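What follows is one structure encoded as structure tokens, with my remarks underneath.
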Amino acid sequence: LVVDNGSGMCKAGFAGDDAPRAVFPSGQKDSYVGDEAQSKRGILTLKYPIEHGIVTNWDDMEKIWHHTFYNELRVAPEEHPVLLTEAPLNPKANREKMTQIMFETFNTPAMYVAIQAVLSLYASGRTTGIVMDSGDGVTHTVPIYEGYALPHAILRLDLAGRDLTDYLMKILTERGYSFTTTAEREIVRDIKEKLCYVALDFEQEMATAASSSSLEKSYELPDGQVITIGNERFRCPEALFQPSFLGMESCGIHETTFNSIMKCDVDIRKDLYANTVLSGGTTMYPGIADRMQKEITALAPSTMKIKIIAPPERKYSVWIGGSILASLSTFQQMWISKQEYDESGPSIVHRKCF
Amino acid sequence: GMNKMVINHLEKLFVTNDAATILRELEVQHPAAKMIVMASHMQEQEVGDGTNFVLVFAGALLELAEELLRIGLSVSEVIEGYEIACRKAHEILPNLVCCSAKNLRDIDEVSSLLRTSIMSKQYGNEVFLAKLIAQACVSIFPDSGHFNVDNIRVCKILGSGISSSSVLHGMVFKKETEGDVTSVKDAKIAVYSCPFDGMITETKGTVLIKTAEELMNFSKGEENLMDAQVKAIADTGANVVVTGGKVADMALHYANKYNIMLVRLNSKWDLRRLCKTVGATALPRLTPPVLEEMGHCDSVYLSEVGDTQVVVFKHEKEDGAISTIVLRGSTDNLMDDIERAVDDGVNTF
Amino acid sequence: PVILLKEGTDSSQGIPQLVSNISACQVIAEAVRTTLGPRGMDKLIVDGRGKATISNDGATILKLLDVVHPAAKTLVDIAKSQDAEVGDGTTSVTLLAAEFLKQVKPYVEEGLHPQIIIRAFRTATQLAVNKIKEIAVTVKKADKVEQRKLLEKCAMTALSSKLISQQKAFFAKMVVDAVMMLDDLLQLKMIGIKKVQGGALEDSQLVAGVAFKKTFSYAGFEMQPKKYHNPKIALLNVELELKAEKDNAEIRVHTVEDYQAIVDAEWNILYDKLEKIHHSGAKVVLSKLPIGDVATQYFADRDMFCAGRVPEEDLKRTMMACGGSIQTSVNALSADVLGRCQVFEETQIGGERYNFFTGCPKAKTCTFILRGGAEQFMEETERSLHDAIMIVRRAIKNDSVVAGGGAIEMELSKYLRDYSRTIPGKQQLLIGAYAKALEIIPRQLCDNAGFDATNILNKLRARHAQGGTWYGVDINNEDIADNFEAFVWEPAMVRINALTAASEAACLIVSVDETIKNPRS
Amino acid sequence: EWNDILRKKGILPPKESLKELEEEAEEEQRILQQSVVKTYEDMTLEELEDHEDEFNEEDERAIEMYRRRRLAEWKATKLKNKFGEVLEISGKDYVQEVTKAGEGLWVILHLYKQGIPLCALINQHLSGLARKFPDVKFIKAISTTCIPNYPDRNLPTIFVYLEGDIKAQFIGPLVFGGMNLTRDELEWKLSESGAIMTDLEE
Amino acid sequence: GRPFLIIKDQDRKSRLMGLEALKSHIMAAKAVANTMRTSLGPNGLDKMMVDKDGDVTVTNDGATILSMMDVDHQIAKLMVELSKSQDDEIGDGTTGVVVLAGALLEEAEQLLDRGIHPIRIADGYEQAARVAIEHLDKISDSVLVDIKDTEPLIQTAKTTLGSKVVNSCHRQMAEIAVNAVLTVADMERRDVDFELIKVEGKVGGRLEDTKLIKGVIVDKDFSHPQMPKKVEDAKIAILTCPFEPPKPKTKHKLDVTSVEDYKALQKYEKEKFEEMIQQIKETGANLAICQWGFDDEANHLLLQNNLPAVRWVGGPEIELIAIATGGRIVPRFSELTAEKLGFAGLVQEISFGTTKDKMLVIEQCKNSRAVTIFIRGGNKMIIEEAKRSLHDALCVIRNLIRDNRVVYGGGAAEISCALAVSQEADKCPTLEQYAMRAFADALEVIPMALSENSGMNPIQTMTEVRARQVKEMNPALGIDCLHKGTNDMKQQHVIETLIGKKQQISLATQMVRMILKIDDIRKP
Amino acid sequence: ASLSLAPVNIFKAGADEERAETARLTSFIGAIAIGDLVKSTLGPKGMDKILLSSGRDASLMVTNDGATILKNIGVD
């Protein structure tokens, strides 16, 4: 079972597969008998119970899980160890609650799950390096050393690409034709996914887009118009970096990353200095990498060096990490199985020791 | 002995002559080597000093084993041979016990007793480290409880030669107070475990304002209630305030109004050991405690120790419950080596 | 079979390593073999972001340098230990270390054991410290003005082997008047410096009061009076701006009259704070927190100053200067909590506007206005004056001073070799090598000055064989003279720490047997 | 472990490559060992004179065929041995041998002025070469009567002609300078012209 | 021993040390100084250059040229920094000081090949700068400038505009600059902040149009374009808040629990609007000066109220309007009264005819404090050139606020200081005369490059002028700046600053003393 | 004196300079190019040209006066 409840999707294949066989959209056999038609359409009706990186409902998840691999994946999990994903951060309460339902309705032999950041780091082929988890709705910092995520080192910041688009449309009223409707929100996001790059900085980009006006790109779109002088494009990333644009004046994300690295011992930061890979969710355009590189280089001592890593595609990265860990051939040493579930319940999960 | 500079795959330069520390640094992939190194590890756990003795003994035993089994012996008979010799040693070694340490209390007594284990370490002069370690250990001599290694702390400070080092009965920390006053003697200590701001309820609490007067009196009543709480705390006669949670500035200003020392720590270990050495308590609320559950200290300072500033808790009676050692060295690795030597001495004691 | 350890190790041992250690150290020293000494030389290193840096005290450069070797890192750490302990001469301490290692090469190649070697260092250093303390310099004055005079002489010494040796008297009296104006608490946060482009060294000035950079100001500024022969200062840790109350105070009213009442009442709070400030009778309102435009408009109507979101260091220096007290709420202002000054004005100085306070009775802090022609030059000056401050703070406790010119090494070597006569065995050999390593230093100084040392070194031996003290080397005259009468004085604690840490590092380095590389996963 | 799992999934590290090169090289090294015995009976033309140490069986079909091909080869090669003395034709006829010299026959057109040990030794070497290769047309003469007032500082210049096309050039002593120059080196150069197939160390 | 990695990554590690490093320094610095030669002082040319983004900018304001270069060597960046320092100090000699530094290091490289420690050269340069500045202060003449006499200042600015294309008109700019300085100066404090002057320029027009306006210029048109366009003397008010109903800066949720609440709010909205109208109409001020814009209801009401106003006016321009009008700042109608209002001299609307820009000027009948300078010319290059030139002129006048801020320039000061340096140096022992003579030579470098730039036969020119000014001593015999004979500068009267040349000398001496010391180098 | 290239590389990549008549030649070649580009159209019997963009629908506009002509072209 390489099922992985992603940000909004669940993808079911096997560890050895190159990809999951089925998707989770939240009439193949539906004209022969119709037995699974009702079950799958009912499961389809149920919604995604995960928001902002924390579980919010529990009955529906098991409701969906039952069907999703009892009617198309055709697998008995009693004869299988289990490997799912989870929301980026939760206290032990959700973990030990999910263990109860999993065992009491499936009684599967063993289990192990990990934070999505670890899966992404494995997919990129790293066991080290902090990744900027710029997820939807909210972003987080997860410095990974050797694979395990530090419970004392996770920082959470409320920035979102939705917020960037909203702030753009908060300064698109100053552009004349504002944009607020569903179609207008969609076209703002479309233009953002077309061009909101970073060259170096706000004022110097605006000068070269207004004094010489050589950064203009005419929008010949059925849903768009030539209303950008090169300002609004670059006006999306700026609030991504400088908080006071949005009106919530606080420290920069770079500050949060720098502190989350400095609080640890300097030596291990070297390894964190090594890769320092990134992740999407709110960032898709270049100019991010070198800009944040130099921006944190201002915060980084000249005696030490820093690296920036960003793969172009990270869509099944958690799935790749899961598939790799399923074949790591040492993760079974950390399986939590019936031998401990029926012995101690959820207490060992709580780490009664230390 | 001779020090063995080793560099780990994490690029930390370990200048180690401690065979236990050496093996901790060593990365070996021979399973029998893993057997032997873990054996030495548990040995150091039980005793601590001279882990290399076990190594050399096992090596000599194994080479003799290779010799005898190359002669043509079988496994069993010679196994019982070693075992009989071992139990013979088991019984005969106690007969060789020559003397027994007495009273573990006279300072030169314990100094000479521990300088033996220290002498396996740095050779230039152990008697100085012997004096320091004896002064530290004897001061905290348990009567009916149990001596613990956590009852002794360590304070390394980069600086001049090791000769300009001493011991301190109390604790030292790398912090600077937010209090406008610095030096208090016979201060009254009110340890707090709760966050120092206005106690924030665990559920979302929302202010609901309807009329103007609600806004008008809001800040005034808030600061007055804060002043009431801080005044009630001040009424116990406290001269310092200790807390670990998030701090609020209004409290600092009020403390200035009352000339109150404020200190914020950062480690739960620190709070626990401070309560152990002063007898105070971890108060879950800001409410003033009673005289019984507080800690009393002879003098507290922010004393400068060589162009490095530290908060110091010193008891002039020098009784306390935990003592730490000030260390002055030109390099960190010298600190590490002396620290492990002191570890050997304290395990000896 | 199967290999013991992980692949990627390295194992070189024996005399090979020992020699291979010493040599490395030597390299570093010859890189900086010309800096210290009142001649003085300057380097230049550009790395990474292209930031150039210039210095003649080696600790800074070596920190800018990035090096990976146990011997090299040990040298870096002992140099930083000397730096943080007292200060200047870090060049000299690294040179002395390399001189130790170079002096004892043959013993490493010959038959000798590290035990005898290290005990020789320990005995020699013990005796050197005893000699230093026994013939230390005492003035028998115990007077404030003579204290300041000696401080000025030692400050000129600190600026010797630095870049501003011409202005040594000027900056020396400047920093002495700075420090003697301070208390005996040795706090070093309170003497911050505000650096300025343009102007020469004599144009740089020390402010008795407080000068800080006038930060960004909103519209309506400069309407306030720019001169007050007796203003009053109101330091604030409170924010003045029309904002949200606590981010959770939700309105749920249904009558628009109450709505307008709430708005007007928020304005009432604003104007209440304004009136409370106004009744204080003060004219200078500063703040670490943002100040709204309406506040400055009111102040212009009320004809008084304004400044906000200033860094905390600035307000704390101001609090220590004016003798006032920082407030947090506007509800508790008194006639003595506020700050008081004798003259306050904003001035234009070489292309910027600063806020100035002077005449305060509470003279307990100062700030430097530096006028320079080069950022490299400016930061070299700031670090040199910081060194002078450190020297002064060490010396005011006690006049543990040593004359300049490097003759001190001649007294040290004279005493060592004179002592190195009765001791038998290779102990005497090691003490003689230890003495020659010391002997090298002023030859290092003077050959950089461009003239022979051999004859003057023999003259030094002759002069010191019968009781000559600190008859050091002349610098721009290439001769010999007593630096105690030439009035270039360095602290003795410097050299005591130097030789103690040098013995430390020497015995440490002599005391290794092998090394093991690891794969660096 | 992890690296090989990477290998199944990705190719981000390379470590399983280039292990086919030495494999194929060793395969060819073992393959090329049968060429010694493949043509053992196909090279020597004295094996008939090597009776009682070369005979195991005679099939008389391919082996008499080998005699037939061998004798055809021998008659073809010995019908061409007509030379061996470098000859001195005159400049009057010169046009008739620069062009009418036979197609398919190499012509070593030597030009020289006698008197210098350079030219004398070169003439000696080519005359001795004529004793070995009587299938090569040698020409020697005085360049003055071959080319009018030819620069005497440009001798001895070796010419290699066939069908009026210059194939190889060796102009002046700038490529033959030195009494140390020898028999085999001249033969080597003329082989390098493409006329002769032999072997030499250098 | 086999070589081993001591320094981290010695593979990409490049070291230079010794005399060769000084050779590299001197060669690069001589190349730069000779690069920056042909713009000297009162008469020269202008160097044109384009930067990374493709912008054409040409001037003899040397600091800009050096700043806009993507140079490679460090010493050149140091030169750029020195140029910026001198420009922000005075604003003239932006190339004079760098050419002087180049001359000093020419002398340094000559004496270096003679085998002497650089400390000697630095000491000689420092002593020579001491002597030169001391005599330069002895020779400058005090200028008695009052509030009614301007001719010496007019000639000062006129001479200052030499080699700067703005010398086309060469006369009116001096007058308008002096008038602006007088209007805006804070006499008692001796202070003039240039943030009080809105240095503006618009392409087109002519350099004759270079004017000073004794008031403020604003670049926003009517909120009601149909409203009457111009008003004579008026009364203004400055409101820092829009015309929207007062909503607090705290998140507010106003419930509406009844339909009569809806009626109450829709009535209170207008009631507030016309209440604001009545408030502002009562005070009698003709004009309203706001910052954040407002709603069209206010526009039509003022159309029915005939009371002019503007909106979205920026911060600094708001402040300047307030400064010029003499009033105070009114945050809200509570502070609104007839007292704090500001009286207007006259206000009018222009559009520059063919252009579609709109721009309001405020010219005051009563006393003003903030003036405005406008420019008309050939292109943005012309506009920026005039802006920077006049700005440097304002810096010159601000320096000239005091007396004795002028000495005869045009190169004559260079001859005088060189003569004094030689005279003092000759009566000295050895080991110093060489460096001091080197400084002297660096001093007469300036007149040599001056004569070169003018195209005059150099060496004979300097020889004859030196003989003339040696045989009879005066500070006014410099070489021809107007190139028409009459080298007696008591006729041409090159009238330029004292502290400018003194600061150039000090900066050059300190900078060469600094560069002399960097003898060991390290690059990656 | 005029020399700014022989001693050392005082320029980064793509940075150059020209002091002597070379600079004048470059400027005048550009100016004469402008003139012939424009003098072929002046007068009441002046002539006309066509301005064509590089790609992107090939913006076509006919014009006689040289203003828009000098606006569109990339002058160097």
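Residues are referred to by chain and number: the chain letter is A, B, ... according to the order shown in the structure tokens, the number counts from 1 in that chain, and ligands are numbered separately from 1 in the order shown.
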Find the spatial neighbours of residue F:76, counting only C-alpha atoms, within a cut-off of 12 Å - ignore same-chain residues fewer than 3 positions away - and output them as a VMD selection string. (chain E and resid 49 to 50 54 to 56) or (chain F and resid 26 to 27 29 to 31 33 to 34 70 73)
Residues from last step as file, C-alpha atoms, as a short mmCIF file (atom, residue, chain, number, x, y, z; two decimals), in the first residue's frame:
```
data_model
loop_
_atom_site.label_atom_id
_atom_site.label_comp_id
_atom_site.auth_asym_id
_atom_site.auth_seq_id
_atom_site.Cartn_x
_atom_site.Cartn_y
_atom_site.Cartn_z
CA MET E 49 28.80 56.75 -20.95
CA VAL E 50 26.00 54.19 -20.80
CA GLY E 54 21.09 51.34 -21.31
CA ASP E 55 20.85 54.91 -20.02
CA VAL E 56 22.74 57.84 -21.56
CA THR F 26 31.86 55.72 -33.56
CA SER F 27 29.63 58.61 -32.54
CA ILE F 29 29.13 56.96 -37.78
CA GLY F 30 26.02 56.57 -35.66
CA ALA F 31 25.01 60.17 -36.31
CA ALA F 33 23.56 56.65 -40.03
CA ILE F 34 20.74 58.53 -38.31
CA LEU F 70 13.46 56.93 -33.90
CA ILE F 73 14.28 51.44 -33.65
#
```
Show me which bits of chain B are within 8 Å of chain A, counting only C-alpha atoms, as a PyMOL selection string. chain B and resi 10-12
Please identify all polymer residues within 12 Å of residue C:315, counting only C-alpha atoms, omitting same-chain residues fewer than 4 positions from it, and present them as a list in words.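 With the cut-off at 12 Å, the set is residues 190, 210, 211, 212, 233, 234, 235, 236, 237, 285, 286, 287, 288, 289, 307, 308, 309, 310, 311, 319, 320, 321, 322, 323, 324, 325, 326, 327 and 339 of chain C.
Put simply, atom CA of residue E:503 is 19.4 Å away from atom CA of residue E:143.
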Find the residues around stretch 184-193 of chain B up to 7 Å (only C-alpha atoms counted), leave out those fewer than 3 positions away in its own chain, and share them as JSON, numbers by chain. {"B": [237, 238, 239, 240, 241, 242, 243, 244, 280, 281, 282, 283, 284, 286, 294, 295, 296, 297, 298, 299, 300, 301]}
So which residues touch stretch 9-24 of chain D within 10 Å, counting only C-alpha atoms, skipping near sequence neighbours fewer than 4 positions away, as a tab-separated table (two decimals) with N, CA, C and O atoms, in the first residue's frame?
```tsv
chain	number	residue	atom	x	y	z
A	16	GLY	N	6.63	-1.14	-5.43
A	16	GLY	CA	7.43	-1.40	-6.62
A	16	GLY	C	6.94	-0.69	-7.86
A	16	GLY	O	7.69	-0.61	-8.84
A	17	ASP	N	5.72	-0.16	-7.84
A	17	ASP	CA	5.19	0.51	-9.02
A	17	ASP	C	5.94	1.81	-9.27
A	17	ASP	O	6.53	2.41	-8.37
A	18	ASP	N	5.92	2.23	-10.53
A	18	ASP	CA	6.46	3.53	-10.92
A	18	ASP	C	5.48	4.66	-10.67
A	18	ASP	O	5.87	5.83	-10.76
A	123	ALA	N	12.57	12.20	-2.02
A	123	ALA	CA	12.34	12.23	-3.46
A	123	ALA	C	13.42	13.01	-4.17
A	123	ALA	O	13.90	12.61	-5.24
A	124	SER	N	13.84	14.14	-3.59
A	124	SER	CA	14.95	14.88	-4.16
A	124	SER	C	16.28	14.16	-3.97
A	124	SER	O	17.29	14.60	-4.53
A	125	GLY	N	16.31	13.08	-3.20
A	125	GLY	CA	17.51	12.29	-3.04
A	125	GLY	C	18.41	12.81	-1.95
A	125	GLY	O	19.64	12.68	-2.02
A	320	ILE	N	7.11	9.61	-4.26
A	320	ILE	CA	8.44	9.07	-4.53
A	320	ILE	C	9.15	8.75	-3.22
A	320	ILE	O	9.76	7.69	-3.07
A	323	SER	N	7.67	5.58	-1.79
A	323	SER	CA	8.11	4.39	-2.50
A	323	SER	C	9.55	4.03	-2.14
A	323	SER	O	9.89	2.85	-1.99
A	324	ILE	N	10.41	5.05	-1.99
A	324	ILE	CA	11.79	4.80	-1.62
A	324	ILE	C	11.87	4.22	-0.21
A	324	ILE	O	12.56	3.22	0.04
D	3	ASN	N	21.57	3.61	-2.24
D	3	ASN	CA	22.06	3.96	-3.57
D	3	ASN	C	21.43	3.08	-4.64
D	3	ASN	O	21.01	3.57	-5.69
D	4	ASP	N	21.32	1.78	-4.38
D	4	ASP	CA	20.76	0.88	-5.38
D	4	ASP	C	19.25	1.06	-5.51
D	4	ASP	O	18.69	0.85	-6.60
D	5	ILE	N	18.57	1.44	-4.42
D	5	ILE	CA	17.16	1.81	-4.53
D	5	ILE	C	17.02	3.03	-5.43
D	5	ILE	O	16.12	3.08	-6.29
D	28	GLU	N	37.71	-9.12	-27.24
D	28	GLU	CA	38.47	-9.00	-28.48
D	28	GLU	C	39.90	-9.52	-28.31
D	28	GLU	O	40.47	-10.09	-29.25
D	29	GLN	N	40.49	-9.33	-27.12
D	29	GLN	CA	41.83	-9.84	-26.88
D	29	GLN	C	41.87	-11.36	-26.99
D	29	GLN	O	42.80	-11.93	-27.58
D	30	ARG	N	40.88	-12.04	-26.42
D	30	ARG	CA	40.81	-13.49	-26.57
D	30	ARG	C	40.46	-13.89	-28.00
D	30	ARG	O	40.93	-14.92	-28.49
```
Close residues, residue C:279 itself excluded, 10 Å, only C-alpha atoms, min 5 positions apart in chain, as a ChimeraX atom specification: /C:274,333-334
Could you tell me which residues of chain C sit within 7 Å of chain E when counting only C-alpha atoms, and give me the result as JSON, numbers by chain? {"C": [20, 24, 41, 42, 43, 44, 45, 46, 47, 66, 67, 68, 69, 197, 198, 219, 220, 242, 243, 244, 245, 250, 251, 252, 253, 254, 255, 256, 263, 294, 297, 301, 350, 351, 373, 374]}
Just to be explicit: take each residue in the selection above, keep C-alpha atoms, and write the result as an mmCIF file, in the first residue's frame.
```cif
data_model
loop_
_atom_site.group_PDB
_atom_site.id
_atom_site.type_symbol
_atom_site.label_atom_id
_atom_site.label_comp_id
_atom_site.auth_asym_id
_atom_site.auth_seq_id
_atom_site.Cartn_x
_atom_site.Cartn_y
_atom_site.Cartn_z
ATOM 1 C CA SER C 20 54.536 18.057 9.008
ATOM 2 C CA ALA C 24 52.274 24.269 8.601
ATOM 3 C CA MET C 41 51.981 47.298 7.260
ATOM 4 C CA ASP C 42 48.563 46.634 5.730
ATOM 5 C CA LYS C 43 47.031 43.693 3.865
ATOM 6 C CA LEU C 44 44.030 43.333 1.575
ATOM 7 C CA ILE C 45 41.726 40.338 1.179
ATOM 8 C CA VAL C 46 38.680 40.148 -1.088
ATOM 9 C CA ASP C 47 36.451 37.089 -0.848
ATOM 10 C CA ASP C 66 39.063 30.378 6.220
ATOM 11 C CA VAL C 67 41.346 27.442 6.990
ATOM 12 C CA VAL C 68 40.944 23.713 7.659
ATOM 13 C CA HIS C 69 43.776 22.070 9.624
ATOM 14 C CA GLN C 197 31.591 59.858 5.043
ATOM 15 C CA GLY C 198 33.991 62.649 4.151
ATOM 16 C CA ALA C 219 5.202 64.753 6.368
ATOM 17 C CA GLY C 220 5.021 68.033 8.244
ATOM 18 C CA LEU C 242 -4.141 55.369 15.443
ATOM 19 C CA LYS C 243 -4.272 51.581 15.179
ATOM 20 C CA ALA C 244 -6.199 48.550 16.349
ATOM 21 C CA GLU C 245 -6.507 48.126 20.099
ATOM 22 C CA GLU C 250 -14.648 43.066 17.986
ATOM 23 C CA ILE C 251 -17.411 45.616 17.503
ATOM 24 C CA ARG C 252 -20.952 44.271 17.396
ATOM 25 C CA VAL C 253 -23.036 47.449 17.822
ATOM 26 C CA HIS C 254 -26.125 48.268 15.772
ATOM 27 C CA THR C 255 -26.514 52.053 16.190
ATOM 28 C CA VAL C 256 -24.379 54.261 13.951
ATOM 29 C CA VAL C 263 -14.370 56.373 16.446
ATOM 30 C CA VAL C 294 -1.067 63.112 13.584
ATOM 31 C CA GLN C 297 1.213 67.425 13.401
ATOM 32 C CA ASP C 301 1.006 72.801 16.535
ATOM 33 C CA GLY C 350 28.627 66.462 5.806
ATOM 34 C CA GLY C 351 25.414 65.418 4.105
ATOM 35 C CA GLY C 373 37.637 59.235 3.379
ATOM 36 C CA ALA C 374 37.340 55.454 3.032
#
```
Determine which residues of chain A sit within 10 Å of chain C, taking into account only C-alpha atoms, and present them as an MDAnalysis selection string. chainID A and resid 271 294 297:298 301:305
Leaving out residue A:69 and any residue of its chain fewer than 3 positions from it, which residues lie within 10 Å of it when counting only C-alpha atoms, given as a PyMOL selection string? chain A and resi 1+3+12-13+22+64-66+72-77
Please identify which residues in stretch 34-188 of chain C DSSP calls helix (DSSP H, G or I) from the backbone, and express them as a ChimeraX atom specification. /C:58-64,70-85,90-103,106-109,114-134,144-159,165-180
Atomic separation - atom CA of residue C:14 relative to atom CA of residue C:504, Å: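 About the pair atom CA of residue C:504 and atom CA of residue C:14: they are 21.8 Å apart.
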Point-to-point distance in Å for atom CA of residue E:233 and atom CA of residue E:287: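 Computed distance, atom CA of residue E:287 to atom CA of residue E:233, equals 10.5 Å.
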Of the candidates F:48, F:74, F:38, F:67, which shows the shortest atom-to-atom distance to chain E, using only C-alpha atoms?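 When distances to chain E are compared using only C-alpha atoms, the smallest one comes from F:74.
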Pick out the chain F residues within 12 Å of chain A. Count only C-alpha atoms. Give them as a list in words. residues 56, 57, 71 and 74 of chain F
Output C-alpha atoms for every residue in that selection, as a PDB file, in the first residue's frame.
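Saved the output as out34.pdb:
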```pdb
ATOM      1  CA  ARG F  56       5.233  39.151 -32.555  1.00  0.00           C
ATOM      2  CA  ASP F  57       2.695  39.823 -35.324  1.00  0.00           C
ATOM      3  CA  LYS F  71      11.141  55.746 -31.142  1.00  0.00           C
ATOM      4  CA  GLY F  74      16.868  50.209 -31.187  1.00  0.00           C
TER       5      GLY F  74
END
```
